[PDB]
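Below: the structure, in structure tokens.
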Amino acid sequence: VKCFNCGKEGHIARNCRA
Ligand SMILES: [Zn+2]
């Protein structure tokens, strides 16, 4: 719950759109 990488409250890290 919440993006490991990027902080943002949405999506999982692994293929995050960052
Ligand atoms: Zn992210």
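Going by the structure tokens order, chains are called A, B, ..., each with residues numbered from 1, while ligands are numbered from 1 in the order shown.
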
Determine, counting only C-alpha atoms, which protein, DNA and RNA residues have an atom within 12 Å of an atom of residue 17 of chain A; residues of the same chain fewer than 3 positions away are not included. Present the result as a ChimeraX atom specification.
/A:3,5-6,8,10-14
